[PDB]
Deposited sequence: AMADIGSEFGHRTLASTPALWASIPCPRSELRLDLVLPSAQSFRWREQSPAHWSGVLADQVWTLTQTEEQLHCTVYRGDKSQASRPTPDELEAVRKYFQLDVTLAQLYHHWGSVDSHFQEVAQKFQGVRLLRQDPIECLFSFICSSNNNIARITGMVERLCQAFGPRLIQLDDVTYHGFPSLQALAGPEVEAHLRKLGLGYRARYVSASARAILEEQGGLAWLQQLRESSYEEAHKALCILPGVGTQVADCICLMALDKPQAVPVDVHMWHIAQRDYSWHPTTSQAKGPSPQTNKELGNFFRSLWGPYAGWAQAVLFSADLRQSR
């Protein structure tokens, strides 16, 4: 009871709640939907992972988001630490207001929106988001998830252990830019992305002015941020969009992958009209992105997150 991952039932006194209706957040529809690849449902309906450099377990009731943290001396989370969670799930953003708007201008979103409530966007750390998505290219979520895990296990700070699970924080640029990192990542099976990781880490540290260069993109504009990110190895339009949307506060950024392409064709009968290409191409992918923006608005990225998530549950 004092060991292993906690559950709301077993260690009652160690959980603190945050008012949050399932209409505003559905953990099972956000955490395993390829925004963050670091959450695991260790026990039914309980998700644990690293947030704000500490390990947490989250679970929800119809009107509450229950939280518990593992830092010395087991205690319920504090209001300050709880804010860390609120900020991670960007709770100041009312999802009901967004769904209502998207639903108003897009009949198809409406239909899907009724079956998939609470799909919101996580506010992620730039470094973790940058390297996790460099790992997502031409790959499948199950594999991506493993890659990221082994990568953190080998190069990230060790935090605490629950059961047989040792949690690690996300690696720093220095660690990823270290000597022989590529070869070690290839042994961990990242394929050719192994080179993308060490190259992009070194590129950022020895050419772009380090971490500061990335974090300042949050104040920068979407157009600039997206272009800057495309400088890095392994980072194309799609990965860059994922980063702008999920880590740089660019809510209009719209990732265009195989999923969003199928969705566009199947649910909107969309086809490239200004691009020469007939199928996926750097030009058409860009047009689709603008298409979704002119359909959903300033938060088109968040609308994209709802349909992508729903298309996964298929």
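Deposited-sequence ranges lacking C-alpha coordinates, in sequence order: No C-alpha coordinates exist for 1 to 6, 78 to 80, 324 to 325.
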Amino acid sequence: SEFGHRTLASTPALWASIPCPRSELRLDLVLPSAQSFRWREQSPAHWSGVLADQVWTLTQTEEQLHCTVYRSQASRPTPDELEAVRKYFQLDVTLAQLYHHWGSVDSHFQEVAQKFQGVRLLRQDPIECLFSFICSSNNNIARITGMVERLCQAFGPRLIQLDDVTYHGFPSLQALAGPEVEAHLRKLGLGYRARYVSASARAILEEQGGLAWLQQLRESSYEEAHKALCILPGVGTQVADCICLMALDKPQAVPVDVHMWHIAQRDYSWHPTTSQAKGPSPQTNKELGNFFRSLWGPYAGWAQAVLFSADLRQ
From here on, numbers count along this sequence of modelled residues.
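Residue stretch of maximal mean CA temperature factor, 107 to 115 vs 156 to 164: On average, C-alpha B-factors are higher across 107 to 115.
Given 38 to 46 and 275 to 283, the range whose Cα B-factors average higher in the PDB entry: The stretch with the larger mean CA B-factor is 275 to 283.
Top residue by Cα temperature factor, when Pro171, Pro126, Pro79, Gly146 are compared in the entry: It is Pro79.
Residue, from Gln73, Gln97, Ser132, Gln90, that the PDB entry assigns the highest Cα B-factor: Across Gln73, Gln97, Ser132, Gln90, the entry lists the biggest C-alpha B-factor for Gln73.
Third of the chain's Cα B-factor distribution that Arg186 belongs to, per the entry: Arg186: CA B-factor falls in the highest third of its chain.
Third assignment of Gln60 from its chain's C-alpha B-factors: For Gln60, the deposited C-alpha B-factor lands in the middle third.
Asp53 CA temperature factor, ranked by third within the chain: It falls in the top third of the chain.
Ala300 CA temperature factor, ranked by third within the chain: For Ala300, the deposited C-alpha B-factor lands in the lowest third.
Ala201 CA temperature factor, ranked by third within the chain: Middle third of the chain for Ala201's C-alpha B-factor.
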